[PDB]
Structure formats: structure tokens, C-alpha cells
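> Can you look at this? It's an experimental structure, sequence on top.
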Amino acid sequence: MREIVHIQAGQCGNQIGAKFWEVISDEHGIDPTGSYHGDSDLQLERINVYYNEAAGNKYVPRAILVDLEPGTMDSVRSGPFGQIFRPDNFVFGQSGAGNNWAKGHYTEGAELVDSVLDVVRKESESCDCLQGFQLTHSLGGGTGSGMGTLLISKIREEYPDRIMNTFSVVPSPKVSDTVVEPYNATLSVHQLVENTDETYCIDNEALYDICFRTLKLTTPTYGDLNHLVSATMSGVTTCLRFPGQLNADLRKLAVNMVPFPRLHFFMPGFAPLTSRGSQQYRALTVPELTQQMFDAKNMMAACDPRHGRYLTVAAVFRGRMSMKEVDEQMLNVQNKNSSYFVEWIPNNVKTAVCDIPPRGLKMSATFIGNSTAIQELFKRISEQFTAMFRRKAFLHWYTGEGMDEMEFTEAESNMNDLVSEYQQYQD
Amino acid sequence: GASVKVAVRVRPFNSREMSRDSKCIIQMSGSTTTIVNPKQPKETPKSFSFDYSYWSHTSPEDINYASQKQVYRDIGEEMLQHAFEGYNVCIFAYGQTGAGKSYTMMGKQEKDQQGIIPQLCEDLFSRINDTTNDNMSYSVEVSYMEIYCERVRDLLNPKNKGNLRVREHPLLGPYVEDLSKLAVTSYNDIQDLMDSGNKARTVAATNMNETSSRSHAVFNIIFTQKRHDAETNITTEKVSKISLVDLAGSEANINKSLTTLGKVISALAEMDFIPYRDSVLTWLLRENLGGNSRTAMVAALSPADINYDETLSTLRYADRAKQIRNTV
Amino acid sequence: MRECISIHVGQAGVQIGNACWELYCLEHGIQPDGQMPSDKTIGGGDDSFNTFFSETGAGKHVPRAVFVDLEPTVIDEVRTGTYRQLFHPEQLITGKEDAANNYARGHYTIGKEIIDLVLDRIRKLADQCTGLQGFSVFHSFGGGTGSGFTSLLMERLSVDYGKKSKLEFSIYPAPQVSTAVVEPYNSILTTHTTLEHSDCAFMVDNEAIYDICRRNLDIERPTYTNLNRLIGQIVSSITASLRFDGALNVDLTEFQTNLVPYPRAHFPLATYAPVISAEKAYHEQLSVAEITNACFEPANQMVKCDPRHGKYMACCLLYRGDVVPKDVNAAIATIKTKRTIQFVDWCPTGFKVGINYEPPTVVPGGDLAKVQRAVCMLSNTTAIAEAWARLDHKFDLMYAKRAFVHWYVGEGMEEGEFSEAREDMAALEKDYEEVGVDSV
Ligand SMILES: CC(=O)O[C@@]12CO[C@@H]1C[C@H](O)[C@@]1(C)C(=O)[C@H](O)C3=C(C)[C@@H](OC(=O)[C@H](O)[C@@H](NC(=O)OC(C)(C)C)c4ccccc4)C[C@@](O)([C@@H](OC(=O)c4ccccc4)[C@H]21)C3(C)C
Ligand SMILES: Nc1nc2c(ncn2[C@@H]2O[C@H](COP(=O)(O)OP(=O)(O)OP(=O)(O)O)[C@@H](O)[C@H]2O)c(=O)[nH]1
Ligand SMILES: Nc1ncnc2c1ncn2[C@@H]1O[C@H](COP(=O)(O)OP(=O)(O)CP(=O)(O)O)[C@@H](O)[C@H]1O
Ligand SMILES: Nc1nc2c(ncn2[C@@H]2O[C@H](COP(=O)(O)OP(=O)(O)O)[C@@H](O)[C@H]2O)c(=O)[nH]1
Ligand SMILES: [Mg+2]
């Protein structure tokens, strides 16, 4: 009624908040329903009663907001798209923001990580049955990286039933930090094993390929990258939520992409990438839309999935097209991709359709999946970790925050086997 | 070089472990210690071999219990004899908070429960007073300091608040500036200084106001032997420095010395540069860790399933120290 | 919210601020720009009630602020004929203790006596507001008030405020310089920061600046009054930028970890790639990402730290104004594409990049461009590893070798302050070198 919990953390999460959510007074945001049926309104609200429950649907913005260094305060709160809301906003009172997992996660966050409990409580209550826990977050965030794992852990701890949906940001061959090797590795052991159900990837090093291949943009931008993601979330969050002929509730999301317990991670795409001008090619196609949903080039992640096999593929299309058309087309993908399909597993591809195409695309395509490929996204941060942080060690910084050989060694070995165990499928 | 000798010792369950119904995950046989993984019982248990694997998990009524007396008679006695030969010596206790470091080094003052330091001091004065060759005379000086958050405090003079500055003598190495060095002529006197010293260590509300789990205590004895001979009339001198260390729990900054000690041990075990100067502890103990000195480590181990990760880490660091060789 | 606390230390420092505090002249302040309508001297902004120091106003309206002068000299300037800048009264200290060049003097001697009152000022100062996340120190490598006084003022601040990493600036000796004292002497001032505390530090190499002014800008004739802007500006990037609203922001606590690779106080270099002439014609505008390279060019380089030697370490770059995301991710890649950068064995995509706005501030002809794209390279490379050697060849022969201390003893301790400062700052040389000399 499948209502919704909004948790936004760090930089990537708060800012990312800025761009997910504004794609919403597009109106469906997270579980009211209604509104969005005959236009109207806008902003950071409407006409009723506040708090909270007008959530992401009519009179209110429901979110749980978590900033740990008053960057998200000012960046959006004020002049920008929102109000937000008041009372729903965290500002860490200067904590001084931390780079380092151990740091808002063990340190300033605990203190706030407790203040984030009150937000979660009030939202949880809302009079609706909440099925999502939505969290933005940043490999190399400390606030996000190790505050997001704190937030995630209690939420799995107290809300076992409610699979967490977490948006991710990652490491690609380009960098932030230097401590992000290991920072996101510790953000890991907790992202597998920390009640985070499914896990999104949003590599910023892969986001560019998209905003620049598919798209033309001449000079991207960090705000424009926020157009990208909205895509990847609306399909999941709005789509299926919003009306629909085969509809997949978030929980279909956790059985469809996880085929087992360790935190199944996914990659996701939006096709309708389009080119402003090129605007003119394939009238929002399905094959079009299927086509773009597998390519090596249209995935909005830092794995190039082609190396290996996917294990689970969840795709979603909400254009008003044939329920026969989407399902008939997705097969063709599956047969020129064998090796990309997991021999176990039949039905290697799930398809969902919802009933309203994104405001102004006319016809949409969202994609989800796990392949064997990710043995990649990590056999990269781990090579990184062993030779980095854990190496000749880089954690004095973190060594004060409170983590001592632990949270490093455990995060490599647990996150490691991830590599072996993951591979296990299809070697 | 002479290898740094290593012993590990497991104690009986403590109140915490008992309140949680902890099972024992440590086994010993000969010089080998084996640890079982409580979370992944499906793996093969990891074994480690040391100079000594002390089983002190039960109580003195057990024939197999490793007593304070055995721990001292093995390593303590050996180091004291080296001091008499004229060698600098060092013994440090390492391990997780509550594993049994202070009990091993200091112990208690009753019941033959006294640790390495009290026993060595007593043994030292007994040997000196047993001398029958009038051509030999002795001098014993003691110093006792605490290292907390890189800050050094004189425990024999808690009457001064200066945080003594650790310096590097241009020719003679590291030293604690103005640290008191007191002459003692009997075991009773040295024990009295030890007692008041133990009374001056930093405590922590967090540890239920018990001695802070984060402070390091370094007990030093400067043993000078003077040998006369009516002849040319020159008295010869032999000076040995005895360093007895009780470290903070392994699990201007709180954990610098301990983390740096780990790095120094790892680097030395590998090499056979070393970050001695990155912490006050490793700086002051530079010659005991790779230098001109006979050194020994006693690693304290919790027997409980709940402390698996910490105990494994201690065993691994003790395994590396075993590979260090000093140049004497 | 995350204020800095700004401390000066010496001649090098009281002025340098004039470069810092003038460069601010855009409505910012240490950590509170949370905004102001005033302008200019600030006179025109109003008087709302008040008195010395301003309750009426925030640091914004008036500063983050604390000048230490051990001679009125520079301080009389900043106080000088209301030198055009009245930036507040009573954030200056002016000690007529008579100035002392010595690490020993002022630091052990006159400074002891007035490091306190200062401590008091700092403390009060450290209190009005919230989040101070920073301590800035202008330091030399020669000026009595800058060595022992700073080894005094950094030492007490480290001891008192362990959680707040200090940032200090430096103006180090090189091939040319002042005094004889400064080959060792700054040595002494180098011991102290060190383990007393300190965080990341920065320098302007005075022999690098006047060099970059001769290889990158124009005016070989130039006055130090101008070299301060090159170094003045370094700060604006470090604090004004990271301290102002933008994309990817590194706070003062970002600075500590990104530079700091291991714990014997580390040192950094500052590169300001925008440095265009008044007499230039940058290819109408200078390419944004070339700006990155500008950095590495040994040429922007503030110091005579021949990168030639070794592998950088930590590389922290702060870009401001009209920078493009795809400029960074895609230009920063490039560097890690030449042979030369030779990052270290444990550098993991070493490069830390921040974007800040607005633009590159500027004032006057002495200021070069209106460049609209900036690179600040703050790095930790092996080099440093050699300039201290330099000071250590000087020292093994200037102070200790045959000793130049009889002035210095006069003011305080012998046989370490010297011996300890050579051996502890020494191993710096060995330890540093071993930080980046093998795979291990
Ligand atoms: C997203 C998308 O389709 O971005 C692009 C850029 O490359 C993408 C392909 C599209 O074909 C293109 C180019 C359009 O031509 C389309 O007619 C259109 C739609 C569908 C708008 O998008 C919407 O109205 C959607 O409802 C979109 N809304 C959306 O992006 O809303 C924001 C408020 C985030 C903007 C959305 C998508 C999926 C789920 C939910 C919503 C966004 C557009 O501005 C436009 O984006 C751009 O020009 C552009 C330039 C730089 C950065 C971003 C977008 C859009 C317009 C109105 C032009
Ligand atoms: N670049 C630069 N260097 C400066 C500036 N002011 C001082 N210095 C350098 O600082 C060093 C010492 O300057 P002094 O003025 O002697 O220092 P001080 O504060 O007088 O020294 P004391 O009398 O001991 O306190 C010299 O090498 C100068 O070159 C300045 O504004 N810019
Ligand atoms: N071999 C042994 N036999 C019997 N009891 C022992 C023992 N070793 C330790 N104990 C007991 O275990 C408890 C904890 O030991 P102890 O206090 O010496 O540990 P520790 O010094 O490692 C703590 P910290 O790290 O905080 O300094 C004490 O009550 C002590 O008497
Ligand atoms: N997509 C996206 N990535 C961001 C944004 N801000 C920062 N990042 C990226 O995420 C990394 C971590 O930044 P941030 O989220 O501020 O980190 P944290 O808050 O310290 O964990 C950076 O290295 C950037 O690459 C943003 O607004 N959007
Ligand atoms: Mg103890």
C-alpha cells in the first residue's frame, strides 16, 4: 500500500535524492497512489495535512533524509525543488563529515545513526504497509559508505521482513578518495550480509558511457547524471507501483534477482536514452527497447556484463505496448546470449509491465540482473584492498574512528569469497 | 641473531564469557595451539606452533595447569640469566583486552599468584644476596612509566604532571627525558615502588573505572655489575637493561603504538624500512625489536568462542614475532 | 559549520594572511560564509550596535581570524594606518617582546610568555560558533616566532585539540633564503609539528614562487608583496573552495587523509595552474583539463621539489570554476597515463578531485588572469624527501657540525633541540624514502 521509506545519505545519496525525487512530483512517489492521474500541481507539495504520509504522493514529500555534513542541507534545502520537508531532514551539526567507513558509521553516525531511527519509526508508522527501504549511498562515502551500512544493518535487524532496496554508487577505474578501495569494501561486508536485499549499481565511470554514447550531452554533468538514475529507480519504484498488467512488487524484485542469499547485486539500464536530436529513431521500440537493455553499452553500471553470464535478468517495460510484444521479444535476447545464461536457471528473464509511460518518453524500458560478470566489479576493489588498505595499511585515519585490523580483513575475506562463490556459477 | 621467543597462554573463562555461555575454542598439545572457528565449524581448525603453548584454562588443582611459577621459570628465569651474562633483555605481554596480560606480568599478591615481574625482581635480589665473591658488587636502578595516547607518565613520581618527552640522544638512542631512575637495594623496596606505581596508572570509566585498557606500562631495571680485582685496580662494569612490558589491549592518538607495533613486527618478520619512530612505544623499544637484545613475547589468549577473530589475530601476530631475529 | 581557525605565526604569516584575508574580499570567510552584503572594508555593511570584535556580526562580517606578531612590524601593518583593511581589532597579538629569530627564541623564550594569552584568545575564538574543523597556521622555516613559537603554538594546539587537525602553511628555505640560521633552524621548527601535532601542511617554496613567476607568469622584478599572492591563492583553493557550496567537496578532514599516507606529518605541495599573464592570451581561454597537467608541470610547482625524484604519493586536486565533470574524470585519467607521475606502489587511483565555485577570484594586475578554470595540486611525493635532505646537509654542518648555537642555547635547551631534531627529522629522510622505494 506498499508504501515507502525514504533514506537518503551522504553526498551521492542526498544529491541523488535531488534527482530521483524530482522526477516524481511526476507523481507517484512511493506509495500513495492517485494524484498523477490528471496532472497538476507541483513542487514540494499540494493541499492537505502534513506530515509524513503524504509521503511521496499528494500533499507531502515523504522521505527520510540523511546528510552528514551539511551538504545536502543547503544544496537542495532552500531555493531548490523542495521544502524538502521540515522534520525529515538530518543535518549532522558539523560532525565535520567524514571520509571513512568507520566514521559516521562507527563514529558521528552512531550518534545520528540513532537519530535516524526516529525518522524510520515515524515513516514506518504511516498507516500503510511499507515494502521498501530505499537508500542512496556511496562507495567511498564514509558518511554514506559506513553510515549507510549502519542505517542498513539496524533496518535489517528491526525490519527483517522488509527487503531493503539499496541504490549504490561504486568504484570505477577513475576514482574518488584513495581510501575508496577499502571504504566501499567495508561498506560491502555490510551490503551483502547487512539486509540490504538487492543492491543497485550506478557506477559513475559507466554512467558516462551512457550520458555520452547513447546520449550526446556535449559536457555531462553531475546534475545530468541525476536524469540517468531517476530512470533506474522509477521503473523499480514507480513501475509496478504505479498501476499495471503484470506487476512486480518490490518483493518480486528480491526473488527475481537474488538466487540465493548473499547480497545479490545488480546492474540496471534505461533505454530510451535517445539523443535530443536523434530523437527520431525507433518510435520508442521494443526491440529497441530490448536491444538497448543488454548491450554491453547501455548498462548504467561499471561492469560490462558481456564477460560472463547473468544470473537472473529482471526487465521492466512500461510503455503501453503489448504484453505479448515485450515477452515475445525478450526471448531473442536469451538465445543469442547463451553463454549469458546461466544454465541453471530457466526463465532467465522476467518481464514486468506497468501502464503509464514515463512522462514524456512515451515508452520505457528498465533492466535488472546479476551475471557472472561482477566477479568483476569486485575482483577489482579487492585487488585494491589487498594491495591498498590491507596491504602496507591505509587506516590510521580510520584507525582512530574505531576499527582495528577488523573490518578490513573480514571485509576482504567475506567479500572475497564473494568472488569465488559468485564465480562458482558458471566456471 | 637470536630469535625472539614466543609463548601463548590461554586463561579460564571470565565473567563476560560465562554470562554468554561461551564454549572453549582453544586446544593445546605440546607447543601447539589449535583454534576452532565457532561460526564456520565446517572448516579445519587452524594450528600454530610456539616455543611454549601454556594451558591455563582450568585451575592449579589440574596436573596440566600452567602456573605463574612455570611461566616464570621458563622464560622469566632465562631472561634474568641473560641479564647476568650482560645482555639487555625484554619481555612483553600482548593480547586482546582482558585476555590475561596483567595477570601474567604482574599477577596478584597472594597465593603464589605473583607474575613475571615480581618473581624476576625477587629472583634477582636473591641471586645478588647469595654472592660470596667479595670482588663482585651490584647496583640496581628502577624506572616505571605508562604510555597512554602517546603520552608518557612517570609512575614512580605521579607528583609531576609533565608528559615526559621521548627523545633521541644524538649518540645513545631513545630515552624518556627526566624519567625518574631510583636505586633500590632490596626486593621489598622494589616491590613497594612497583605497588605505588601500579596505583598510579590511568583508569577508564569505560572499563568500570578499572585501569584503562588503552595504557601501556613499561617496567625497567638497570642492572650494573662491578667486578673488582686487587691487581691493576680497575673495576670492570657490565650493565644490562631489563624491560618488562605490559601492553594495552590489541583490541597523539589512542591506538598508534599498538598498531605501529603490529607493523614493526610484520616488517621485521618479513625482512628476515621499519616504522620505529611512528609511535612512542616502538621508538623506545627499538633495540628490543630487532636490535641488541634478547626478547620474548607472551601472547595472552581468551578461550571463548565469542573472541575468535581477536584471538586468531593474536595468534597470527605471535606467529610472525616468532620469525623476528635480533642482532646481539 | 566547519570553521577554520586562522592563526598566523610570523612575518611570513602576518602578511601571508594579508594575502589570505584580502583574497577573501568576496564575501567569504573561514567557515561561515554563510553570506554577507558587505563588501569592501566591510564598513558599508553596517554597524549594528557593538564594540571591538563584533557580536553584531559573524565571522562572515568579520573573520575567522588570529594574528601573532612577535614584533609590531607586520602587525603594525595589518594595524597599519587602518591599512585599508580593518579586519577586526583584537584578533591581532602584537608582542613587543622584541622579536627573536631562533627556534629557541620566542618558542622557548618570549613566546612562552605570550603563547598563552594567545591560547586564551584561540580558545574563546575557538568557541564562538560551531564546528571549527580546522586550524590554519602560517609558518616559516626560519622565523623565530615560526619555529619554536609554532612548535609552541602547534604543539599546544595539538595537545589541547587532538581531534582538530591543524593545517599549517609553510614558507621553507631552498637554495636561496634569509638568515644563516634557517638551514638548521627550520629543522628545529620541523621536529615539533611532527609528532606534536599537525596535520597536513602546505608550502610555498619561496625559491619555487619567484621561479614560477619567471617561467610561468612574467615579472622577474617582483616583490614578495606579489609572491604572497601566489601562495595566498593556494589557500583560497584549499579553504574558500572546499568551504563553499559546490560539487565534490573536500573539507579540511578530507585534506588530512588524502594527503596523509602514513603518520610522520606530511607534507604537500601546491600547484596553481591558472597563472596566466596579464600579458597572456591564453588560447582565448586556457583549456580546462590542461589545467590538470599545469599541475604536474614541474613548473607551477611552488617548491624546488624535483618530482623527478620518485613517485608521488597523495594527490589532491581542487578544481574551481566552470570545471566540467568530464574534465576531471577524463583529464585526471590522462595523468595516470603518462609514465611520469609514477605514483607510488600503494596509491589507488590516487587522485582526489574537488570542484568549487565561483570561479577564480582575482584582483588587480599583479593578480594574473581572470581564469576560469583552476588546478590545485596538493601532493605528497618522494621529493619532499630530498628538500629535507638539503636542510639536513645544512644542519649536519651549520648547527651541529661545528655549532651555530650560542645564540640559540642562550634562549633555552641544548643537545637535543638540535640532536633530537636531527635524528627525528632525519629518519624522516630514511623513513620517507622507504615509503616509496620498493614494492613491499
Ligand atoms: C531522461 C530522459 O529521458 O532524458 C532525456 C535526455 O536524454 C533522454 C532521452 C529523452 O528522450 C529526452 C532527450 C526527451 O526527449 C523526452 O521527450 C523528454 C522526456 C521523456 C523527459 O523525460 C520525462 O518527461 C520523463 O518523464 C523523465 N523525466 C525526467 O528526466 O525528469 C527530470 C525531471 C529528471 C528531468 C523520466 C524518465 C523515466 C522515468 C520517469 C521520468 C526529459 C527530456 O527533457 C530529455 O532529457 C534531457 O534533456 C536531459 C539533459 C541532461 C540531463 C538530463 C535530461 C530526455 C524530455 C521532456 C525532452
Ligand atoms: N614568500 C614570502 N616569504 C616571506 C614573507 N614574509 C617573510 N617571508 C620569509 O620568511 C622568512 C623569515 O622572515 P622574517 O621576517 O625574517 O621572519 P620573522 O617573523 O622576522 O623572524 P623572527 O624575527 O625570528 O621572528 C624569510 O626567508 C622570508 O623570505 C612573505 O610575505 N612572503
Ligand atoms: N592464567 C590465569 N589463571 C587464572 N586466572 C587468570 C589467568 N589469566 C588471567 N586471569 C584472570 O582473568 C581476568 C582478566 O585478566 P587481566 O586483567 O590480567 O587481563 P588483561 O591485563 O589482558 C586486561 P587489559 O587489556 O584491560 O589490560 C582477571 O580476573 C585475571 O585474574
Ligand atoms: N552520482 C553521483 N556521484 C556523486 C555525487 N557526489 C559525489 N559522488 C561520487 O561519489 C563519491 C563519493 O562522494 P560522496 O557521496 O560525497 O561520498 P561520501 O558522502 O563521503 O561517502 C565521489 O568520489 C563521487 O564520484 C553526486 O551528486 N552524484
Ligand atoms: Mg592489564
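That came in fine, so what should we check first? Numbers count the residues shown, from 1 in each chain, chains lettered A, B, ... in the order given. Ligands and ions are numbered 1, 2, ... in the order given.
> Contact partners for the residue of chain A found nearest ligand 3?
Nearest to ligand 3 in chain A, going by Cβ to the nearest ligand atom, is residue A:404, at a distance of 13.0 Å. C-beta here means a position set from N, CA and C on the backbone, and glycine is covered the same way. Contacts for residue A:404 were tallied using Cβ atoms under 8 Å, 6 or more residues apart in numbering or on different chains; they are B:250, B:251, B:255, B:258, B:259.
> and residue C:328, that one's in a helix?
Yes - under DSSP: H, G, I helix; E, B strand; the rest coil, residue C:328 falls within a helix.
> Residue B:2 pairs with what?
In this entry, residue B:2 is beta-bridged to residue B:326, by DSSP bridges.
> State which helix of chain A is the longest.
Ranked by number of residues, the top helix in chain A under DSSP state H is helix A:409-424.
> And it, what does it pack against?
helix A:183-192, helix A:375-379, helix A:381-387 (3 or more Cβ pairs under 8 Å, 6 or more residues apart in numbering or on different chains; DSSP states H and E).
> let's see it at 6 Å
Contacts defined by 3 or more Cβ pairs under 6 Å, 6 or more residues apart in numbering or on different chains; DSSP states H and E place helix A:409-424 against helix A:183-192, helix A:375-379.
> just checking, next helix/strand downstream of the first one?
Counting by DSSP states H and E, the next helix or strand C-terminal to helix A:183-192 is strand A:196-199.
> Show me which residues of the stretch 1-150 of chain B sit near ligand 5.
By the rule Cβ under 5 Å from the ion, the part of the stretch 1-150 of chain B lying against ligand 5 is B:101, B:102.
> so where do the helices sit in the stretch 1-150 of chain B?
Along the stretch 1-150 of chain B, counting by DSSP state H, counting those that start in this stretch, helices occupy B:15-19, B:68-71, B:77-85, B:101-105, B:116-129.
> Output those as TSV; include the columns mean neighbour count.
As requested, those are exported to TSV (neighbours: other Cβ atoms under 10 Å in any protein chain shown):
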stretch	mean neighbour count
helix B:15-19	12
helix B:68-71	18
helix B:77-85	18
helix B:101-105	23
helix B:116-129	19
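> Mind checking the ones you listed for the one nearest to residue A:396?
helix B:101-105 (23.8 Å; Cβ to Cβ).
> Contacts for the closest one, please.
B:93, B:95, B:115, B:116, B:117, B:246, B:298, B:300 (Cβ atoms under 6 Å, 6 or more residues apart in numbering or on different chains).
> Of these, which is the nearest to ligand 4?
residue B:95 (34.6 Å).
> That closest one against residue B:298, yeah?
No - the criterion here is Cβ atoms under 6 Å, and residue B:95 misses it with residue B:298 at 8.4 Å.
> re earlier: can you say which of the helices and strands packed on helix A:409-424 is nearest to residue B:24?
The nearest among the helices and strands packed on helix A:409-424, by Cβ to Cβ, is helix A:183-192 at 27.0 Å.
> Now the closest one: buried residues?
By neighbour count on 16 or more other Cβ atoms under 10 Å in any protein chain shown, the buried set for helix A:183-192 is A:183, A:184, A:185, A:186, A:187, A:188, A:189, A:190, A:191, A:192.
> CSV for the residues you listed, including distance to residue B:80?
Listed next are those as CSV, based on distance: Cβ to Cβ, whole Å:
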residue, distance to residue B:80
A:183, 49
A:184, 52
A:185, 47
A:186, 46
A:187, 51
A:188, 50
A:189, 47
A:190, 50
A:191, 54
A:192, 52
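> Give the burial count for residue B:172, as a bare number.
Neighbourhood size, residue B:172 [other Cβ atoms under 10 Å in any protein chain shown]: 7.
> same thing with residue A:246?
Other residues close to residue A:246 by other Cβ under 10 Å number 15.
> Secondary structure element holding it?
Assigned by DSSP H and E, residue A:246 falls outside every helix and strand.
> got the contact list for it?
Residue A:246 neighbours (Cβ under 6 Å, 6+ apart): A:352, A:353.
> Next one: it from residue A:287, what distance?
The spacing between residue A:246 and residue A:287, counted by Cβ to Cβ, to the nearest Å, is 19 Å.
> Export the helices of the stretch 1-150 of chain B as JSON lines, with columns for distance to ligand 1.
Below are the helices of the stretch 1-150 of chain B laid out as JSON lines (distance: least, Cβ to the nearest ligand atom, whole Å):
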{"stretch": "helix B:15-19", "distance to ligand 1": "53"}
{"stretch": "helix B:68-71", "distance to ligand 1": "70"}
{"stretch": "helix B:77-85", "distance to ligand 1": "72"}
{"stretch": "helix B:101-105", "distance to ligand 1": "59"}
{"stretch": "helix B:116-129", "distance to ligand 1": "69"}
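> wait, which of those is closest to residue C:292?
helix B:101-105 (51.8 Å).
> wait, does that closest one contact ligand 3?
Yes - using Cβ under 6 Å from any ligand atom, we find that helix B:101-105 touches ligand 3 at B:101, B:102, B:103.
> how many other residues sit next to the closest residue to ligand 4 within chain C?
Ligand 4 sits closest to residue C:248 of chain C, with a gap of 5.4 Å, by Cβ to the nearest ligand atom. Number of residues near residue C:248 (other Cβ under 10 Å) recorded here: 19.
> Could you double-check that it sits in contact with residue C:352?
No - here residue C:248 lies out of contact with residue C:352, judged by Cβ under 6 Å, at a distance of 8.9 Å.
> Look at residue B:167 and tell me its secondary structure.
strand.
> what's the helix or strand hosting residue C:378 in contact with?
If you go by DSSP H and E, residue C:378 is part of strand C:377-379. Residues from elsewhere that reach strand C:377-379, judged by Cβ under 6 Å, 6+ apart: C:268, C:269, C:270, C:271, C:295, C:312, C:315, C:316, C:317.
> need the next SSE after it, C-terminal direction.
With secondary structure assigned by DSSP H and E, strand C:377-379 is succeeded by helix C:384-398.
> Could you point out the helix or strand that follows that next one?
Note on helix C:384-398: by DSSP H and E, the next helix or strand toward the C-terminus is helix C:419-434.
> Any part of that next one near chain A?
No - Helix C:419-434 stays out of contact with chain A when judged by Cβ under 6 Å from any Cβ of the partner chain, the minimum separation being 10.6 Å.
> gap between residue B:167 and chain A?
23 Å (Cβ to the nearest Cβ, to the nearest Å).
> got it, and residue C:264?
In terms of Cβ to the nearest Cβ, residue C:264 sits 11 Å off from chain A.
> mind checking which helix or strand that residue is in?
Secondary structure from DSSP H and E places residue C:264 outside every helix and strand.
> can you pull the contacts of residue C:305?
Per Cβ under 6 Å, 6+ apart, neighbours of residue C:305: C:383, C:384, C:387.
> and with 8 Å instead?
Neighbours of residue C:305 in contact, by Cβ under 8 Å, 6+ apart: C:205, C:208, C:269, C:381, C:383, C:384, C:386, C:387.
> Near the first one, how many other residues are there?
By the other Cβ under 10 Å criterion, the neighbourhood of residue C:205 contains 25 residues.
> Could you do the fourth one as well?
As a burial measure, residue C:381 scores 27 neighbours (other Cβ under 10 Å).
> For it, list the residues it contacts.
Here residue C:381 is in contact with C:269, C:305, C:307, C:309, C:310, C:311, C:312, C:313 (Cβ under 8 Å, 6+ apart).
> for the first one, same thing?
Taking Cβ under 8 Å, 6+ apart as the contact definition, residue C:205 lies against C:171, C:172, C:174, C:301, C:302, C:303, C:304, C:305, C:387.
> For the residue of the stretch 101-250 of chain B found nearest ligand 4, which non-adjacent residue is closest in space?
The nearest approach of the stretch 101-250 of chain B to ligand 4 comes at residue B:149, 27.1 Å away (Cβ to the nearest ligand atom). Once flanking residues are discounted, residue B:149 sits nearest to residue B:254: 5.3 Å by Cβ to Cβ, 6 or more residues apart in numbering or on different chains.
> Run through the residues that contact the one you found.
A:400, B:149, B:214.
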